[PDB]
Structures are given as structure tokens and as C-alpha cells.
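Participant: Attaching a single structure in C-alpha cells format; questions to follow.
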Amino acid sequence: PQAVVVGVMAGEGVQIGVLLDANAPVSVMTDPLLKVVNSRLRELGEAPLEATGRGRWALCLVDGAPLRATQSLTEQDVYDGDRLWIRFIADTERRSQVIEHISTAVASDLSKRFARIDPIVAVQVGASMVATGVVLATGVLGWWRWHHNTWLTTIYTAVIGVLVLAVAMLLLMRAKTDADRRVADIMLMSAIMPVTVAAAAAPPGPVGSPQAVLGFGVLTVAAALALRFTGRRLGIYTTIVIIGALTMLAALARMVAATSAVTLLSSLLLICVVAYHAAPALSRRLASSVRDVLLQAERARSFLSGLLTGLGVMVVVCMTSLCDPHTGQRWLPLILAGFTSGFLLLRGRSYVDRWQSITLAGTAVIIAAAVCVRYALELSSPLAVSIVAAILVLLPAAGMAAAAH
Amino acid sequence: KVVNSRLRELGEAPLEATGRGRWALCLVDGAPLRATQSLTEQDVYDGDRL
Amino acid sequence: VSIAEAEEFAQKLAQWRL
């Protein structure tokens, strides 16, 4: 217990293993320690550490935060096998500055601490406004087809899709910087929506099973094709491919033959259940020498975050459609929802990533809450709403309490 | 001897250890000094710490 | 400055001569 071995980082990156005195105060070691790292760098043939003007030498954690100069190395939470960094921190002493006349003083200070609008942000805002605009136009065009059978909806939407896509295509070839690419990506992201309803609107007669199949098909193809050719925005495109593909299969079955929705809903739940287990493997297969490691790591992380999210959307939509307050053995889907919630709650903590673990944890809470709301709006009564409210408020309160206590 | 003698006047326990080995001077990183060479041959000057 | 800081500076200065 008299000494601890730790790695010390020095100038430009040399890590050196050292056996330090565990109880002397850290300020006693930084001077001779600087001499030692310099001696080794000199023999290695490298350039030694040097001061610049006014400042001091300190020993810090890898995070840069300095250790308290008067405390012992054992007094701080430093253990054998950890690492530290020796660093130069410059002098902050300078004159103070004063402006008395109030109007000038407000203008001066307020301009140094905040950011003004610029031409770069103006274009990103413009792109965002047009994307929002076209989804509103397709919405009203779709709302017309859902009550009318004329060619108008497909003819009108097709030209919009082609025009937006033509602009995005021309922008992608010319983009030079990430600022330019974000503008183009927003434009491209919006092109998928009109083409989807444009195709689904083509088959005549009343809307339903046969029309739905085309939309989810072209949606799945377009999202996948955009990803393949662009190689950016993995998350948003991947999530669409999952929900699109799974919906296409269900739509095809219902169009051909299906005894009940419960059958399809149960099938989807089962498909997602196995997919949650296979999720990391799917991501691993879907995903000068050092670069090869860095690129692959974030790629897999991207695909996995979207995958886990898309499955969440399917099960919440499916489970809320499976449970009911009046049909048959009312308790059966409720306990099934409970078991489903427990699995997601337990398995969500195994993933070593904040957004993946957080997104999975949140997915369970919304499923539970949706069932409670269903059991309050339908089968309505004063006791029922009172009971649901108590359950609905205490459930998340208890979840927080388990972590806070 | 003088270090142990001084420690007792301060009320501190003298240097003591168990096992096969020996006592010697070391640098802040634990590296022992050379046993057969002068402190003038080594890089030791007034105000250094050991 | 503390006694420790003073001795720390004093030891550093004790290393040099004309």
C-alpha cells in the first residue's frame, strides 16, 4: 500500500508507466516527475517539454482536471493501473475593462456573448420550410384520394416528386462542405414522401388493401436505394426500411387472405421479438490502418440505434391494437403486455450505449401508458378514469423513485 | 540510521519491512540509483528530492 | 504563499549559482 503504479502522459503523447509514492502530496512529485519524462524523451531523441511565458506545471487526470496540490495520492480516488497527465496551464491574470455609458455598454457586451443570423443559416432555414411545405400539400392531396377516385392525386403528386428530386439531385453533385450536404439531405429526405403516395394512389377503386401494398413497397425500395447511393443519414433511412418492409408483408397477406387482424398483429409481434434478439448481429453484418477501426464502430452504432427504434414503433402499434377492454378474455392481452414490458425493461439495460438503452427503456413506458389510456377512454366510468389516473401517475413516479432512492 | 533516529524524535515509526531484499535510494518513479557511482556522476544537485 | 510553496520555490532556486 506504500506505492501505486500508474501511466503518466507527457508532451505530444508518450505514455510512461511509473510507480508513485501513495501518500506524499502530489505537489511534491510534479517537479522531479517533469525531469524524468524529459530525460526519457531526450534519450528517445524527442523534443522535451517547455514553458511558454507565464504559467505553471500541474498533474491532471486524463480529463484535464487538475488534482488538488495539497492532497495525498491515496486521499484522491487514484488506484493502481490508472493514468494521469502532466500539463502546462497558462496565467489568466489581466486588467479589467469598464464602460460606464449604458447604451454603448449594452451593445458591446451583448455582441460578444451571442450569435447573429448569417447567410449559412438562412439557407438551412429555407430548406426546412420547403420540406415542411410539400408534406402539407401531399397531405391534402391524399385526403382527397381517400374520398375520391380520380387520377388527380397521382398526376399532381408525381410532378412534385420529380421536381423536388431533380433539385436535390443537382445539389448533391455540387455540394462541397457539410453545410452544403445538410441542405441537400433535407431536400432529398422530402422527395420520398410524395412518390410514396403517388404510387399508392394509382390503383383504381376504393382505397384499401391493394393500394397500400404499392406505397410500402416503393417506400422500402426508395429509402434503401437512397441510403445505398448516399451513404449518410443511416438512422432515419434504416428505420423507414424496417417499418416499410414489415408492413408490406402484412399488407400482402391481408390483400391475399387473412382470417383476422389478431393473427397478423401476433405474427408481427413474434417477428419483432426474434428481431430484438438478433439486432446486434444484424448490425454487425450490415456494417492509415487505424481508420478502418473508427469508421466501422460508428457505422454499426448507427444501424443498431435505428433498428432498435423501428422495432419499438412496430410493437407499440401492434400491442395497442392487440389489447382491448371489451373483447374476450380481457386479462389475456393485459398480462401479455406485462410480460412484453418486463422483457424490454430487463433487456434494455444490457446494451452499452445511452441512446440505445434510453430509447429501449422509454419504449416500455409508452406501451404501458397507452393501455391505461385505452382502458379509460373506452369502458368509461368515474371509477375507471379515477383508477387509471392513479395508475398512470404512480407508474412513472415509482420508476423514478426506484432510481432516485 | 539518521533517518530512523530523526523519525523517532518526530514521533514517527522508523523505516521497517519484511522479506528478502534491501534498502536503497529511489527516484519519484521508483527507479533506484546506481550503487557504485558518485552522486556527481548521477544527475543530483542541491535541492533535489529522493 | 504557504510554507510548502515557499520551500518548493526555495528548493528550485537553491539549484543555481553565479
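For the C-alpha cells, the naming scheme is as follows: chains receive sequential letters (A, B, ...) according to their order of presentation, residues are indexed from 1 within each chain, and ligands are indexed from 1 in presentation order.
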Do me a favour and pick out the residues of chain A within 8 Å of chain B, using only C-alpha atoms, as a list in words.

Facilitator: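 Close to chain B, chain A has residues 18, 19, 20, 21, 29, 32 and 33 of chain A.
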
Participant: Within 12 Å of chain C, which residues of chain A come that close, and what is the closest atom pair and distance in Å for each? Count only C-alpha atoms and give it as a tab-separated table.

Facilitator:
```
residue	atom	partner	partner_atom	distance
A:25	CA	C:4	CA	10.6
A:27	CA	C:8	CA	8.8
A:28	CA	C:8	CA	8.0
A:29	CA	C:8	CA	10.8
A:30	CA	C:8	CA	10.9
A:31	CA	C:12	CA	8.9
A:32	CA	C:12	CA	10.6
A:69	CA	C:5	CA	10.1
A:70	CA	C:4	CA	9.2
```

Participant: Those same residues - C-alpha atoms - I'd like them written as a PDB file, in the first residue's frame.

Facilitator:
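Printed below is part.pdb as written:
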```
ATOM      1  CA  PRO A  25       1.164  15.173  -1.510  1.00  0.00           C
ATOM      2  CA  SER A  27       2.735  18.900  -5.412  1.00  0.00           C
ATOM      3  CA  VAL A  28       5.925  17.259  -4.081  1.00  0.00           C
ATOM      4  CA  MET A  29       6.156  14.902  -7.119  1.00  0.00           C
ATOM      5  CA  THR A  30       5.391  17.136 -10.159  1.00  0.00           C
ATOM      6  CA  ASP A  31       8.857  18.779 -10.214  1.00  0.00           C
ATOM      7  CA  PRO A  32      11.099  15.652 -10.266  1.00  0.00           C
ATOM      8  CA  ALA A  69      -1.916  20.199  -4.915  1.00  0.00           C
ATOM      9  CA  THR A  70      -2.105  19.662  -1.123  1.00  0.00           C
TER      10      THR A  70
END
```

Participant: Using only C-alpha atoms, find the residues of chain B whose closest atom to chain C is at most 12 Å away, then write them as a list in words.

Facilitator: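 Putting it all together, I get residues 43, 44, 45, 46, 47, 48 and 49 of chain B.
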
Participant: May I have the selected residues written with N, CA and C atoms, as an mmCIF file, in the first residue's frame?

Facilitator:
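And here's result-v2.cif as it stands now:
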```cif
data_model
loop_
_atom_site.group_PDB
_atom_site.id
_atom_site.type_symbol
_atom_site.label_atom_id
_atom_site.label_comp_id
_atom_site.auth_asym_id
_atom_site.auth_seq_id
_atom_site.Cartn_x
_atom_site.Cartn_y
_atom_site.Cartn_z
ATOM 1 N N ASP B 43 22.795 12.589 -11.926
ATOM 2 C CA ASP B 43 22.303 13.971 -12.030
ATOM 3 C C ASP B 43 21.585 14.432 -10.758
ATOM 4 N N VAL B 44 22.372 14.612 -9.698
ATOM 5 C CA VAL B 44 21.878 15.098 -8.411
ATOM 6 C C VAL B 44 22.567 16.412 -8.061
ATOM 7 N N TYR B 45 21.766 17.402 -7.670
ATOM 8 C CA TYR B 45 22.237 18.730 -7.301
ATOM 9 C C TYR B 45 21.432 19.213 -6.103
ATOM 10 N N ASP B 46 21.922 20.283 -5.481
ATOM 11 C CA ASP B 46 21.264 20.863 -4.314
ATOM 12 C C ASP B 46 19.797 21.175 -4.580
ATOM 13 N N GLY B 47 18.951 20.759 -3.637
ATOM 14 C CA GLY B 47 17.516 20.948 -3.688
ATOM 15 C C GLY B 47 16.741 19.834 -4.357
ATOM 16 N N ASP B 48 17.412 18.794 -4.842
ATOM 17 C CA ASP B 48 16.714 17.659 -5.424
ATOM 18 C C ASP B 48 16.021 16.854 -4.322
ATOM 19 N N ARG B 49 15.069 16.012 -4.724
ATOM 20 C CA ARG B 49 14.314 15.170 -3.801
ATOM 21 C C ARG B 49 14.506 13.696 -4.142
#
```

Participant: From a backbone DSSP assignment, name each residue in chain B labelled alpha helix (DSSP H), as a ChimeraX atom specification.

Facilitator: /B:2-10

Participant: To one decimal in Å, tell me the separation between atom CA of residue A:43 and atom CA of residue B:37.

Facilitator: 20.0 Å

Participant: Kindly give the distance, in Å, that separates atom CA of residue A:172 and atom CA of residue A:187, rounded to a single decimal.

Facilitator: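 Atom CA of residue A:187 lies at a distance of 9.8 Å from atom CA of residue A:172.
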
Participant: With DSSP run on the backbone, what are the strand (DSSP E) residues within stretch 19-247 of chain A? I'd like them as number ranges by chain.

Facilitator: A: 19-21, 55-61, 83-90

Participant: What does the structure give for the distance between atom CA of residue A:211 and atom CA of residue A:272, in Å to one decimal?

Facilitator: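 Atom CA of residue A:211 sits 24.7 Å away from atom CA of residue A:272.
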
Participant: With a distance cut-off of 8 Å and only C-alpha atoms, select the neighbouring residues of residue A:196, excluding the residue or stretch itself and same-chain residues fewer than 2 positions from it, and output the selection as a PyMOL selection string.

Facilitator: chain A and resi 192-194+198-200+215-216+218-219

Participant: Near residue A:203, counting only C-alpha atoms, which residues have an atom at most 10 Å away, once you skip same-chain residues fewer than 3 positions from it, shown as a list in words?

Facilitator: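 Contacts, with the query itself left out: residues 149, 151, 154, 199, 200, 206, 207, 208, 210, 211, 212 and 214 of chain A.
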
Participant: Could the residues in this selection be written to a file with C-alpha atoms, as a compact mmCIF listing (two decimals), in the first residue's frame?

Facilitator:
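In the end it all went to part_16.txt:
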```txt
# COMPACT_ATOMS: atom_id res chain seq x y z
CA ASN A 149 -61.12 8.04 -57.19
CA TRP A 151 -56.37 10.42 -61.40
CA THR A 154 -51.27 10.62 -58.68
CA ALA A 199 -47.66 5.25 -56.40
CA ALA A 200 -50.17 4.04 -53.77
CA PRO A 206 -61.96 2.35 -53.26
CA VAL A 207 -58.75 2.60 -51.27
CA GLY A 208 -57.58 -0.29 -49.12
CA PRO A 210 -54.43 -3.41 -52.84
CA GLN A 211 -53.42 0.29 -52.82
CA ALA A 212 -51.46 0.01 -49.55
CA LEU A 214 -47.57 -0.38 -53.59
```

Participant: Near stretch 133-137 of chain A, within 10 Å and counting only C-alpha atoms, which residues show up once chain neighbours fewer than 2 positions away are dropped, as a PDB file with N, CA and C atoms, in the first residue's frame?

Facilitator:
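So around-v7.pdb came out as:
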```pdb
ATOM      1  N   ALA A 127     -34.483  25.650 -46.606  1.00  0.00           N
ATOM      2  CA  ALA A 127     -34.645  24.234 -46.946  1.00  0.00           C
ATOM      3  C   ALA A 127     -35.678  23.565 -46.038  1.00  0.00           C
ATOM      4  N   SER A 128     -35.580  23.810 -44.740  1.00  0.00           N
ATOM      5  CA  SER A 128     -36.519  23.284 -43.751  1.00  0.00           C
ATOM      6  C   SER A 128     -37.960  23.733 -44.014  1.00  0.00           C
ATOM      7  N   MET A 129     -38.164  24.984 -44.404  1.00  0.00           N
ATOM      8  CA  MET A 129     -39.509  25.480 -44.714  1.00  0.00           C
ATOM      9  C   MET A 129     -40.119  24.815 -45.950  1.00  0.00           C
ATOM     10  N   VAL A 130     -39.339  24.561 -47.004  1.00  0.00           N
ATOM     11  CA  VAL A 130     -39.879  23.897 -48.203  1.00  0.00           C
ATOM     12  C   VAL A 130     -40.190  22.427 -47.929  1.00  0.00           C
ATOM     13  N   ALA A 131     -39.345  21.744 -47.169  1.00  0.00           N
ATOM     14  CA  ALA A 131     -39.622  20.360 -46.792  1.00  0.00           C
ATOM     15  C   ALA A 131     -40.957  20.263 -46.053  1.00  0.00           C
ATOM     16  N   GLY A 139     -50.415  15.842 -47.981  1.00  0.00           N
ATOM     17  CA  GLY A 139     -51.459  15.547 -47.011  1.00  0.00           C
ATOM     18  C   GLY A 139     -52.852  15.881 -47.523  1.00  0.00           C
ATOM     19  N   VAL A 140     -53.057  17.097 -48.028  1.00  0.00           N
ATOM     20  CA  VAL A 140     -54.378  17.462 -48.551  1.00  0.00           C
ATOM     21  C   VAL A 140     -54.685  16.702 -49.842  1.00  0.00           C
ATOM     22  N   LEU A 141     -53.678  16.387 -50.653  1.00  0.00           N
ATOM     23  CA  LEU A 141     -53.918  15.612 -51.873  1.00  0.00           C
ATOM     24  C   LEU A 141     -54.341  14.189 -51.504  1.00  0.00           C
ATOM     25  N   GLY A 142     -53.688  13.614 -50.502  1.00  0.00           N
ATOM     26  CA  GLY A 142     -54.040  12.289 -50.005  1.00  0.00           C
ATOM     27  C   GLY A 142     -55.438  12.258 -49.411  1.00  0.00           C
ATOM     28  N   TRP A 143     -55.776  13.266 -48.614  1.00  0.00           N
ATOM     29  CA  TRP A 143     -57.103  13.397 -48.012  1.00  0.00           C
ATOM     30  C   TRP A 143     -58.203  13.451 -49.070  1.00  0.00           C
ATOM     31  N   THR A 157     -49.202  14.695 -57.733  1.00  0.00           N
ATOM     32  CA  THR A 157     -48.099  14.360 -56.826  1.00  0.00           C
ATOM     33  C   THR A 157     -46.844  13.906 -57.571  1.00  0.00           C
ATOM     34  N   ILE A 160     -44.656  16.870 -58.624  1.00  0.00           N
ATOM     35  CA  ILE A 160     -43.966  17.445 -57.460  1.00  0.00           C
ATOM     36  C   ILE A 160     -42.767  16.579 -57.073  1.00  0.00           C
ATOM     37  N   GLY A 161     -42.969  15.269 -56.998  1.00  0.00           N
ATOM     38  CA  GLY A 161     -41.889  14.353 -56.645  1.00  0.00           C
ATOM     39  C   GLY A 161     -40.689  14.478 -57.567  1.00  0.00           C
ATOM     40  N   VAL A 164     -38.904  18.043 -56.983  1.00  0.00           N
ATOM     41  CA  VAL A 164     -38.090  18.097 -55.764  1.00  0.00           C
ATOM     42  C   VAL A 164     -36.838  17.238 -55.920  1.00  0.00           C
ATOM     43  N   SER A 190     -37.257  14.766 -48.152  1.00  0.00           N
ATOM     44  CA  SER A 190     -38.620  15.166 -48.505  1.00  0.00           C
ATOM     45  C   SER A 190     -39.139  14.587 -49.823  1.00  0.00           C
ATOM     46  N   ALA A 191     -38.267  14.139 -50.724  1.00  0.00           N
ATOM     47  CA  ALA A 191     -38.686  13.590 -52.020  1.00  0.00           C
ATOM     48  C   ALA A 191     -39.368  12.220 -51.903  1.00  0.00           C
ATOM     49  N   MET A 193     -41.549  11.127 -49.615  1.00  0.00           N
ATOM     50  CA  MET A 193     -42.961  11.246 -49.231  1.00  0.00           C
ATOM     51  C   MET A 193     -43.942  11.422 -50.392  1.00  0.00           C
ATOM     52  N   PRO A 194     -43.753  12.342 -51.332  1.00  0.00           N
ATOM     53  CA  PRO A 194     -44.709  12.451 -52.452  1.00  0.00           C
ATOM     54  C   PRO A 194     -44.723  11.228 -53.362  1.00  0.00           C
TER      55      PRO A 194
END
```

Participant: I want to know what sits within 12 Å of residue A:277, based on only C-alpha atoms, with residues of the same chain fewer than 4 positions away left out; could you give that as a count of residues only?

Facilitator: 17

Participant: Calculated over only C-alpha atoms, which of the candidates A:204, A:333, A:48, A:119 has the smallest distance to residue A:152?

Facilitator: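 Once distances to residue A:152 are computed over only C-alpha atoms, the minimum belongs to A:204.
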